[PDB]
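Data block for entry-v6.pdb (PDB, C-alpha atoms and all ligand atoms):
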ATOM      1  CA  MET D   1      60.172  83.923  47.315
ATOM      2  CA  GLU D   2      57.116  86.027  48.133
ATOM      3  CA  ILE D   3      54.058  84.823  46.203
ATOM      4  CA  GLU D   4      50.821  86.767  46.380
ATOM      5  CA  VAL D   5      47.797  87.936  44.420
ATOM      6  CA  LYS D   6      45.900  91.119  45.271
ATOM      7  CA  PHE D   7      42.147  91.556  44.783
ATOM      8  CA  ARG D   8      39.907  94.623  44.858
ATOM      9  CA  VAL D   9      37.107  93.648  47.231
ATOM     10  CA  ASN D  10      34.136  94.689  49.315
ATOM     11  CA  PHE D  11      35.525  94.648  52.856
ATOM     12  CA  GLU D  12      32.456  93.453  54.741
ATOM     13  CA  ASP D  13      31.529  90.719  52.263
ATOM     14  CA  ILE D  14      34.994  89.188  51.955
ATOM     15  CA  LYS D  15      35.680  89.395  55.701
ATOM     16  CA  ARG D  16      32.525  87.335  56.193
ATOM     17  CA  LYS D  17      33.646  84.813  53.555
ATOM     18  CA  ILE D  18      37.148  84.438  54.980
ATOM     19  CA  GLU D  19      35.677  83.806  58.425
ATOM     20  CA  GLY D  20      33.099  81.416  57.003
ATOM     21  CA  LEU D  21      36.053  79.550  55.527
ATOM     22  CA  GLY D  22      37.365  78.934  59.031
ATOM     23  CA  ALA D  23      40.512  81.027  58.683
ATOM     24  CA  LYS D  24      42.141  81.934  62.011
ATOM     25  CA  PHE D  25      42.080  85.622  62.956
ATOM     26  CA  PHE D  26      45.593  86.714  63.906
ATOM     27  CA  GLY D  27      45.115  90.418  64.528
ATOM     28  CA  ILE D  28      44.712  93.934  63.132
ATOM     29  CA  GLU D  29      47.691  96.128  62.229
ATOM     30  CA  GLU D  30      47.380  99.893  61.738
ATOM     31  CA  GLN D  31      50.263 100.528  59.356
ATOM     32  CA  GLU D  32      51.972 103.624  58.007
ATOM     33  CA  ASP D  33      54.574 103.062  55.284
ATOM     34  CA  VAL D  34      56.961 105.725  54.039
ATOM     35  CA  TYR D  35      58.271 104.727  50.608
ATOM     36  CA  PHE D  36      61.551 105.827  49.063
ATOM     37  CA  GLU D  37      62.028 105.974  45.305
ATOM     38  CA  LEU D  38      64.343 103.324  43.884
ATOM     39  CA  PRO D  39      64.982 102.361  40.270
ATOM     40  CA  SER D  40      62.530  99.837  38.837
ATOM     41  CA  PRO D  41      61.632  97.256  39.868
ATOM     42  CA  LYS D  42      62.823  97.830  43.437
ATOM     43  CA  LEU D  43      60.906  99.091  46.487
ATOM     44  CA  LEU D  44      62.060 100.529  49.816
ATOM     45  CA  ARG D  45      59.927 101.551  52.758
ATOM     46  CA  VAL D  46      59.958 102.164  56.480
ATOM     47  CA  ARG D  47      56.875 100.754  58.187
ATOM     48  CA  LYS D  48      55.367 101.762  61.523
ATOM     49  CA  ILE D  49      52.645  99.614  63.092
ATOM     50  CA  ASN D  50      51.085 102.154  65.400
ATOM     51  CA  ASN D  51      48.963  99.796  67.495
ATOM     52  CA  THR D  52      51.702  97.227  68.184
ATOM     53  CA  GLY D  53      54.730  99.483  68.567
ATOM     54  CA  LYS D  54      56.685  97.618  65.878
ATOM     55  CA  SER D  55      58.736  99.204  63.077
ATOM     56  CA  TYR D  56      60.514  97.713  60.066
ATOM     57  CA  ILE D  57      62.705  98.535  57.110
ATOM     58  CA  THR D  58      61.606  96.590  54.046
ATOM     59  CA  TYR D  59      63.246  96.156  50.647
ATOM     60  CA  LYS D  60      61.545  94.398  47.758
ATOM     61  CA  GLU D  61      62.424  93.460  44.215
ATOM     62  CA  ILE D  62      59.612  92.617  41.794
ATOM     63  CA  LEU D  63      60.431  89.359  40.011
ATOM     64  CA  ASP D  64      57.494  89.117  37.576
ATOM     65  CA  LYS D  65      55.356  91.449  35.460
ATOM     66  CA  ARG D  66      52.111  90.776  37.345
ATOM     67  CA  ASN D  67      53.535  92.026  40.647
ATOM     68  CA  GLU D  68      52.892  88.569  42.119
ATOM     69  CA  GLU D  69      56.424  87.380  42.899
ATOM     70  CA  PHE D  70      58.881  89.295  45.078
ATOM     71  CA  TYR D  71      62.201  88.966  46.848
ATOM     72  CA  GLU D  72      61.729  90.510  50.281
ATOM     73  CA  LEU D  73      64.295  91.690  52.805
ATOM     74  CA  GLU D  74      62.666  92.847  56.020
ATOM     75  CA  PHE D  75      63.973  93.463  59.503
ATOM     76  CA  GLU D  76      62.781  95.167  62.650
ATOM     77  CA  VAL D  77      64.252  98.514  63.735
ATOM     78  CA  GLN D  78      63.767 100.380  67.000
ATOM     79  CA  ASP D  79      63.555 103.877  65.521
ATOM     80  CA  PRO D  80      61.347 104.416  62.448
ATOM     81  CA  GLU D  81      61.847 108.186  62.560
ATOM     82  CA  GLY D  82      65.584 107.614  62.499
ATOM     83  CA  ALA D  83      65.314 105.154  59.624
ATOM     84  CA  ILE D  84      63.326 107.664  57.579
ATOM     85  CA  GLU D  85      65.855 110.398  58.376
ATOM     86  CA  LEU D  86      68.692 108.070  57.368
ATOM     87  CA  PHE D  87      67.369 107.326  53.895
ATOM     88  CA  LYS D  88      66.710 111.008  53.278
ATOM     89  CA  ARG D  89      70.269 111.850  54.343
ATOM     90  CA  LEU D  90      71.569 109.113  52.043
ATOM     91  CA  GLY D  91      69.951 110.907  49.115
ATOM     92  CA  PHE D  92      66.743 108.917  48.729
ATOM     93  CA  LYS D  93      63.524 110.805  47.999
ATOM     94  CA  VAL D  94      60.172 110.078  49.634
ATOM     95  CA  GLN D  95      57.917 108.439  47.052
ATOM     96  CA  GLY D  96      54.780 108.598  49.174
ATOM     97  CA  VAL D  97      53.058 107.365  52.315
ATOM     98  CA  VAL D  98      50.658 104.431  52.450
ATOM     99  CA  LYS D  99      48.350 104.177  55.447
ATOM    100  CA  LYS D 100      46.170 101.146  55.990
ATOM    101  CA  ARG D 101      44.348  99.040  58.547
ATOM    102  CA  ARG D 102      45.137  95.358  57.962
ATOM    103  CA  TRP D 103      43.108  92.354  59.136
ATOM    104  CA  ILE D 104      45.292  89.235  59.164
ATOM    105  CA  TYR D 105      43.856  85.705  58.964
ATOM    106  CA  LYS D 106      45.726  82.411  58.586
ATOM    107  CA  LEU D 107      44.743  79.106  56.987
ATOM    108  CA  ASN D 108      47.484  76.494  56.698
ATOM    109  CA  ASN D 109      50.225  77.879  54.440
ATOM    110  CA  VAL D 110      47.966  80.695  53.250
ATOM    111  CA  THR D 111      47.794  84.163  54.758
ATOM    112  CA  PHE D 112      44.945  86.563  54.098
ATOM    113  CA  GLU D 113      45.694  90.260  54.453
ATOM    114  CA  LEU D 114      42.468  92.264  54.227
ATOM    115  CA  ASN D 115      43.476  95.885  53.792
ATOM    116  CA  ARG D 116      41.473  99.077  54.156
ATOM    117  CA  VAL D 117      43.893 101.470  52.423
ATOM    118  CA  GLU D 118      43.547 105.229  52.942
ATOM    119  CA  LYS D 119      42.976 107.038  49.589
ATOM    120  CA  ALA D 120      42.907 103.747  47.642
ATOM    121  CA  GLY D 121      40.128 101.432  48.803
ATOM    122  CA  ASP D 122      39.763  97.888  50.132
ATOM    123  CA  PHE D 123      41.986  95.053  48.953
ATOM    124  CA  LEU D 124      42.666  91.455  49.879
ATOM    125  CA  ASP D 125      46.134  90.024  49.442
ATOM    126  CA  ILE D 126      46.271  86.234  49.387
ATOM    127  CA  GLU D 127      49.794  85.066  50.197
ATOM    128  CA  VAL D 128      51.258  81.561  50.203
ATOM    129  CA  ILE D 129      54.554  80.071  51.342
ATOM    130  CA  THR D 130      56.079  77.678  48.793
ATOM    131  CA  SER D 131      59.387  76.667  47.213
ATOM    132  CA  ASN D 132      57.628  76.348  43.864
ATOM    133  CA  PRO D 133      56.020  79.588  42.568
ATOM    134  CA  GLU D 134      53.733  77.714  40.158
ATOM    135  CA  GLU D 135      52.286  75.430  42.836
ATOM    136  CA  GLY D 136      51.903  78.458  45.071
ATOM    137  CA  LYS D 137      49.823  80.382  42.563
ATOM    138  CA  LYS D 138      47.654  77.291  42.087
ATOM    139  CA  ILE D 139      46.986  77.237  45.821
ATOM    140  CA  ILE D 140      46.183  80.944  45.878
ATOM    141  CA  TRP D 141      43.691  80.536  43.058
ATOM    142  CA  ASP D 142      41.948  77.538  44.640
ATOM    143  CA  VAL D 143      41.467  79.688  47.741
ATOM    144  CA  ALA D 144      40.409  82.735  45.713
ATOM    145  CA  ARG D 145      37.689  80.796  43.878
ATOM    146  CA  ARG D 146      36.448  79.379  47.157
ATOM    147  CA  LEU D 147      35.982  83.004  48.213
ATOM    148  CA  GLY D 148      34.100  83.756  45.003
ATOM    149  CA  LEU D 149      36.875  85.858  43.504
ATOM    150  CA  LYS D 150      37.762  85.797  39.795
ATOM    151  CA  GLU D 151      40.551  87.032  37.527
ATOM    152  CA  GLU D 152      38.665  90.264  36.817
ATOM    153  CA  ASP D 153      38.951  91.049  40.535
ATOM    154  CA  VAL D 154      42.744  91.102  40.469
ATOM    155  CA  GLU D 155      44.614  94.364  41.053
ATOM    156  CA  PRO D 156      48.203  94.286  39.700
ATOM    157  CA  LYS D 157      49.228  97.735  40.935
ATOM    158  CA  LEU D 158      51.272  98.152  44.107
ATOM    159  CA  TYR D 159      49.781 100.081  47.019
ATOM    160  CA  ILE D 160      52.244 102.924  46.510
ATOM    161  CA  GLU D 161      50.904 103.217  42.931
ATOM    162  CA  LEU D 162      47.252 102.972  44.049
ATOM    163  CA  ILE D 163      47.080 105.799  46.582
ATOM    164  CA  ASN D 164      45.590 108.992  45.160
TER     165      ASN D 164
ATOM    166  CA  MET G   1      76.733 117.505  68.400
ATOM    167  CA  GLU G   2      79.130 114.652  69.120
ATOM    168  CA  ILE G   3      82.436 115.985  70.465
ATOM    169  CA  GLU G   4      85.454 113.764  70.964
ATOM    170  CA  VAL G   5      89.224 113.586  70.690
ATOM    171  CA  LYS G   6      91.087 110.358  69.926
ATOM    172  CA  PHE G   7      94.512 109.489  71.336
ATOM    173  CA  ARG G   8      97.081 106.810  70.531
ATOM    174  CA  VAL G   9      97.837 105.142  73.835
ATOM    175  CA  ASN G  10      99.428 102.251  75.655
ATOM    176  CA  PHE G  11      96.417 100.202  76.767
ATOM    177  CA  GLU G  12      97.690  98.942  80.125
ATOM    178  CA  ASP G  13      99.068 102.316  81.219
ATOM    179  CA  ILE G  14      96.034 104.425  80.309
ATOM    180  CA  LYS G  15      93.555 101.877  81.701
ATOM    181  CA  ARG G  16      95.415 102.199  85.003
ATOM    182  CA  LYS G  17      95.250 105.999  84.857
ATOM    183  CA  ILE G  18      91.551 106.074  83.973
ATOM    184  CA  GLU G  19      90.667 103.805  86.887
ATOM    185  CA  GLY G  20      93.034 105.924  88.995
ATOM    186  CA  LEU G  21      90.783 108.947  88.274
ATOM    187  CA  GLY G  22      87.782 107.124  89.748
ATOM    188  CA  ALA G  23      86.033 106.695  86.367
ATOM    189  CA  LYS G  24      83.169 104.190  86.591
ATOM    190  CA  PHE G  25      83.615 101.006  84.555
ATOM    191  CA  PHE G  26      80.515 100.435  82.439
ATOM    192  CA  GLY G  27      81.488  97.375  80.433
ATOM    193  CA  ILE G  28      83.376  95.807  77.531
ATOM    194  CA  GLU G  29      81.948  95.635  74.023
ATOM    195  CA  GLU G  30      83.360  93.337  71.333
ATOM    196  CA  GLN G  31      82.428  95.240  68.196
ATOM    197  CA  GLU G  32      82.474  94.451  64.495
ATOM    198  CA  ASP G  33      81.688  97.370  62.174
ATOM    199  CA  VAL G  34      81.016  96.994  58.458
ATOM    200  CA  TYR G  35      81.471 100.353  56.716
ATOM    201  CA  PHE G  36      79.867 101.453  53.458
ATOM    202  CA  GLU G  37      81.499 104.049  51.228
ATOM    203  CA  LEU G  38      79.763 107.416  51.142
ATOM    204  CA  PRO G  39      80.952 110.713  49.691
ATOM    205  CA  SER G  40      83.070 112.824  52.036
ATOM    206  CA  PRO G  41      82.601 113.663  54.804
ATOM    207  CA  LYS G  42      79.856 111.132  55.549
ATOM    208  CA  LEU G  43      80.146 107.685  57.148
ATOM    209  CA  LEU G  44      77.798 104.698  57.245
ATOM    210  CA  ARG G  45      78.221 101.450  59.126
ATOM    211  CA  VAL G  46      76.378  98.475  60.560
ATOM    212  CA  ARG G  47      77.688  97.513  63.985
ATOM    213  CA  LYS G  48      77.388  94.186  65.768
ATOM    214  CA  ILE G  49      78.262  93.889  69.444
ATOM    215  CA  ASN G  50      79.052  90.189  69.621
ATOM    216  CA  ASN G  51      79.050  89.836  73.415
ATOM    217  CA  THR G  52      75.819  91.739  74.102
ATOM    218  CA  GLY G  53      73.720  90.709  71.113
ATOM    219  CA  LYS G  54      73.057  94.306  70.079
ATOM    220  CA  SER G  55      73.290  95.656  66.531
ATOM    221  CA  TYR G  56      72.996  99.164  65.098
ATOM    222  CA  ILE G  57      72.956 101.165  61.901
ATOM    223  CA  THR G  58      75.023 104.341  62.285
ATOM    224  CA  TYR G  59      75.369 107.387  60.042
ATOM    225  CA  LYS G  60      77.795 110.218  60.716
ATOM    226  CA  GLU G  61      78.681 113.498  59.082
ATOM    227  CA  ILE G  62      82.065 115.002  59.962
ATOM    228  CA  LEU G  63      81.550 118.659  60.865
ATOM    229  CA  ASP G  64      85.150 119.831  61.364
ATOM    230  CA  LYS G  65      88.597 119.236  59.869
ATOM    231  CA  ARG G  66      90.118 117.587  62.961
ATOM    232  CA  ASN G  67      87.484 114.832  62.993
ATOM    233  CA  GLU G  68      86.410 115.908  66.490
ATOM    234  CA  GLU G  69      82.885 117.134  65.702
ATOM    235  CA  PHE G  70      80.183 114.835  64.323
ATOM    236  CA  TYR G  71      76.472 114.711  63.628
ATOM    237  CA  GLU G  72      75.418 111.176  64.522
ATOM    238  CA  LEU G  73      72.275 109.231  63.682
ATOM    239  CA  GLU G  74      72.148 105.795  65.260
ATOM    240  CA  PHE G  75      69.422 103.282  65.949
ATOM    241  CA  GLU G  76      69.160  99.654  66.969
ATOM    242  CA  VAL G  77      68.202  97.003  64.410
ATOM    243  CA  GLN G  78      67.338  93.365  65.020
ATOM    244  CA  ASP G  79      69.145  91.948  61.989
ATOM    245  CA  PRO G  80      72.697  93.130  61.222
ATOM    246  CA  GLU G  81      73.125  90.600  58.409
ATOM    247  CA  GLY G  82      69.989  91.963  56.792
ATOM    248  CA  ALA G  83      71.099  95.565  57.254
ATOM    249  CA  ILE G  84      74.407  94.794  55.546
ATOM    250  CA  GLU G  85      72.597  92.970  52.734
ATOM    251  CA  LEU G  86      70.225  95.927  52.360
ATOM    252  CA  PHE G  87      72.957  98.487  51.797
ATOM    253  CA  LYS G  88      74.715  96.240  49.304
ATOM    254  CA  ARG G  89      71.451  95.836  47.389
ATOM    255  CA  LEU G  90      70.932  99.602  47.475
ATOM    256  CA  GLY G  91      74.219  99.987  45.624
ATOM    257  CA  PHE G  92      76.618 100.876  48.432
ATOM    258  CA  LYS G  93      80.052  99.246  48.426
ATOM    259  CA  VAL G  94      81.727  97.865  51.543
ATOM    260  CA  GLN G  95      84.537 100.217  52.558
ATOM    261  CA  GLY G  96      86.034  97.912  55.171
ATOM    262  CA  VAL G  97      85.496  96.129  58.476
ATOM    263  CA  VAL G  98      86.654  97.462  61.836
ATOM    264  CA  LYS G  99      86.901  95.015  64.718
ATOM    265  CA  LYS G 100      87.700  96.139  68.215
ATOM    266  CA  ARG G 101      87.280  95.427  71.890
ATOM    267  CA  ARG G 102      86.086  98.532  73.737
ATOM    268  CA  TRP G 103      86.404  99.258  77.472
ATOM    269  CA  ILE G 104      83.867 101.919  78.469
ATOM    270  CA  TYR G 105      84.293 104.140  81.550
ATOM    271  CA  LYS G 106      82.182 107.100  82.647
ATOM    272  CA  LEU G 107      82.954 110.188  84.723
ATOM    273  CA  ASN G 108      80.286 112.890  84.937
ATOM    274  CA  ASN G 109      79.573 114.113  81.392
ATOM    275  CA  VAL G 110      82.696 112.472  79.976
ATOM    276  CA  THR G 111      82.916 108.992  78.490
ATOM    277  CA  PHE G 112      86.181 107.146  77.998
ATOM    278  CA  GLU G 113      86.268 104.561  75.221
ATOM    279  CA  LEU G 114      89.499 102.575  75.413
ATOM    280  CA  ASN G 115      89.730 100.625  72.173
ATOM    281  CA  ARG G 116      91.967  97.731  71.197
ATOM    282  CA  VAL G 117      91.473  97.885  67.402
ATOM    283  CA  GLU G 118      92.454  94.897  65.291
ATOM    284  CA  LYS G 119      95.067  95.751  62.630
ATOM    285  CA  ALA G 120      95.357  99.315  63.973
ATOM    286  CA  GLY G 121      96.404  99.461  67.614
ATOM    287  CA  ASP G 122      95.180 100.878  70.911
ATOM    288  CA  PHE G 123      93.318 104.182  71.099
ATOM    289  CA  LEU G 124      91.383 106.174  73.674
ATOM    290  CA  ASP G 125      88.428 108.291  72.633
ATOM    291  CA  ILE G 126      87.428 110.929  75.172
ATOM    292  CA  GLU G 127      83.879 112.094  74.493
ATOM    293  CA  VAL G 128      81.848 114.793  76.175
ATOM    294  CA  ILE G 129      78.191 115.789  76.006
ATOM    295  CA  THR G 130      77.764 119.538  75.491
ATOM    296  CA  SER G 131      75.604 122.178  73.801
ATOM    297  CA  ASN G 132      78.717 124.300  73.365
ATOM    298  CA  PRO G 133      81.433 122.606  71.228
ATOM    299  CA  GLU G 134      84.228 124.840  72.532
ATOM    300  CA  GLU G 135      83.501 124.255  76.217
ATOM    301  CA  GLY G 136      83.286 120.571  75.397
ATOM    302  CA  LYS G 137      86.771 120.508  73.916
ATOM    303  CA  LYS G 138      88.004 122.417  76.970
ATOM    304  CA  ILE G 139      86.573 119.704  79.217
ATOM    305  CA  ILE G 140      88.116 116.943  77.117
ATOM    306  CA  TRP G 141      91.541 118.558  77.264
ATOM    307  CA  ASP G 142      91.430 119.097  81.029
ATOM    308  CA  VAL G 143      90.687 115.390  81.404
ATOM    309  CA  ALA G 144      93.304 114.428  78.821
ATOM    310  CA  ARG G 145      96.015 116.368  80.655
ATOM    311  CA  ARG G 146      94.970 114.776  83.922
ATOM    312  CA  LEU G 147      95.691 111.469  82.200
ATOM    313  CA  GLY G 148      99.087 112.740  81.070
ATOM    314  CA  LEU G 149      98.079 113.005  77.431
ATOM    315  CA  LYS G 150      99.341 115.796  75.155
ATOM    316  CA  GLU G 151      98.498 117.211  71.738
ATOM    317  CA  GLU G 152     101.163 115.078  70.079
ATOM    318  CA  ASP G 153      99.235 112.016  71.272
ATOM    319  CA  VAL G 154      96.163 112.928  69.214
ATOM    320  CA  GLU G 155      95.154 110.722  66.276
ATOM    321  CA  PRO G 156      92.849 112.576  63.856
ATOM    322  CA  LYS G 157      92.229 109.661  61.482
ATOM    323  CA  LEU G 158      89.006 107.655  61.691
ATOM    324  CA  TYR G 159      89.157 103.965  62.577
ATOM    325  CA  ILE G 160      88.107 102.955  59.068
ATOM    326  CA  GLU G 161      91.164 104.891  57.803
ATOM    327  CA  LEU G 162      93.497 103.440  60.465
ATOM    328  CA  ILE G 163      93.004  99.733  59.828
ATOM    329  CA  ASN G 164      95.698  98.137  57.676
TER     330      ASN G 164
HETATM  331 CL    CL H 201      53.282  93.658  52.980
HETATM  332 CL    CL H 202      51.696  96.470  47.113
HETATM  333 CL    CL H 203      51.906  96.381  51.763
HETATM  334 CL    CL H 204      81.579 105.025  68.169
HETATM  335 CL    CL H 205      84.099 103.606  66.478
END

Could you write out this file's structure as structure tokens?
Amino acid sequence: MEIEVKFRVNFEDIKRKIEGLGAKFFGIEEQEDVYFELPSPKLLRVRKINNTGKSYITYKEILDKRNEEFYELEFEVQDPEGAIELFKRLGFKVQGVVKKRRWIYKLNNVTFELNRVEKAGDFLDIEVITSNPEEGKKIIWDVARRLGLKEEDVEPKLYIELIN
Amino acid sequence: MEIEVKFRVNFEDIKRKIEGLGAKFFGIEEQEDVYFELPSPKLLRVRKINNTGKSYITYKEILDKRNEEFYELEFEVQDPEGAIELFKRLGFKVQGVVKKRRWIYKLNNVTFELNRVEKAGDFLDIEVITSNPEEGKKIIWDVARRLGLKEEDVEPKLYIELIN
């Protein structure tokens, strides 16, 4: 399952720390997500990565109450406009649009997603790949503390809930 | 608008006639369509073309009572299994699965789709591209008659309704 913790951060400072850690810079993604309202605790969105030409349909189901564990179903599509039209024609309503510029860094089984989110602010998502959720969260927190982050820095809300 | 008329035919005979007309053979597609139940008169399916490695999500809205006029929204996806899983998780129920081998031929603005449909039989769809629905049907019928087809040969039912 998807395991991740989100932190409210100062972009410049944390970028410097992540790099000082030796994380490998993967790339920047300029994303635009169109969300469709589903019953709790499910999420549905069509994502367009404007600088890479990639588009995806993504479905998520929150598995915990801290918004740290998710089941994710994601696949690439060749027509994001068509995907958005499809969900509207199926009766789904647009929940909102999240636009962000994401800096991706990798360190072993940990992925850092440093996001500059339009109308929300700057956030860092620390993601880990693991078969055991508990061990995964332990890894995320060891990394977080190495970056000088604490529990008070955590942001439980989803990006679609954070945009003003 | 998609305009097409479907005919019940004898595969070998009509294939001969179509080639006799000088239609250009485009290719054969081994298709597997998984349909999801929508309220009338809408259709939703995920198609896999097993021999070409292509997959699509297709939505249609029947616009007439003879099932000859359709609004179609179709786009390529990279994961048909995921698309099928997605619709199931969104609450849609599988309506059925249509499997067929399609021979595609082209002649000007007309496309011939000769289908050998599992558990249904052999059918020929004659489609035309037009801005004027009526002129389109006129073109289809001139071609149909050139192939020796008549009104009694028409099959109005959709493939998802035809499979046993
Ligand atoms: Cl994400
Ligand atoms: Cl989020
Ligand atoms: Cl996100
Ligand atoms: Cl078709
Ligand atoms: Cl079809």

Result set, the PyMOL selection byres (((chain G and resi 27) around 9) and not hetatm) on current file, as JSON, numbers by chain: {"G": [25, 26, 28, 29, 102, 103, 104, 105]}

Resolved residues for the PyMOL selection byres (((chain D and resi 36-50) around 7) and not hetatm) as a count of residues only: 26

Selection under test: the PyMOL selection byres ((chain G) within 6 of (chain D)); residues as JSON, numbers by chain: {"G": [75, 76, 77, 78, 79]}

For ligand CL 203 (chain H), the nearest of the candidates D:87, D:6, D:131, D:66, counting all atoms listed in the file: D:6

Could you give me, as a CSV table (one decimal) with C-alpha atoms, keeping the file's coordinate frame, every polymer residue with an atom at most 8 Å away from an atom of ligand CL 202 (chain H), counting only C-alpha atoms and all ligand atoms?
chain,number,residue,atom,x,y,z
D,157,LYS,CA,49.2,97.7,40.9
D,158,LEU,CA,51.3,98.2,44.1
D,159,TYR,CA,49.8,100.1,47.0
D,160,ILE,CA,52.2,102.9,46.5
D,161,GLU,CA,50.9,103.2,42.9

10 Å contact set for range 13-21 of chain G, all atoms listed in the file, chain neighbours under 4 positions out, as a ChimeraX atom specification: /G:9,25,103,105-107,112,114,123-124,143-144,146-149

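The gap separating CA of residue 110 in chain D from CA of residue 23 in chain D is 9.2 Å, in Å to one decimal.
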
For CA of residue 151 in chain D and CA of residue 22 in chain D, the interatomic separation in Å (one decimal): 23.2 Å

Distance of CA of residue 164 in chain G from CA of residue 150 in chain G, expressed in Å to one decimal place: 25.1 Å

Of the listed residues G:4, G:12, G:142, G:152, that which approaches ligand CL 204 (chain H) most closely, counting all atoms listed in the file: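 Of the candidates, the smallest distance to ligand CL 204 (chain H) is held by G:4.
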
Let me know the centre plus edge lengths, in Å and rounded to one decimal, of a box with edges along x, y and z that contains all listed atoms of range 117-135 of chain G and is padded by 6 Å on every side, as lines of an AutoDock Vina configuration file.
center_x = 86.0
center_y = 109.9
center_z = 69.4
size_x = 32.8
size_y = 41.9
size_z = 25.6

Nearest residue to ligand CL 203 (chain H) from the set D:128, D:139, D:120, D:98 (distances using only C-alpha atoms and all ligand atoms): D:98

Nearest candidate to residue 5 in chain G (options G:122, G:135, G:64, G:127; using all atoms listed in the file): G:127
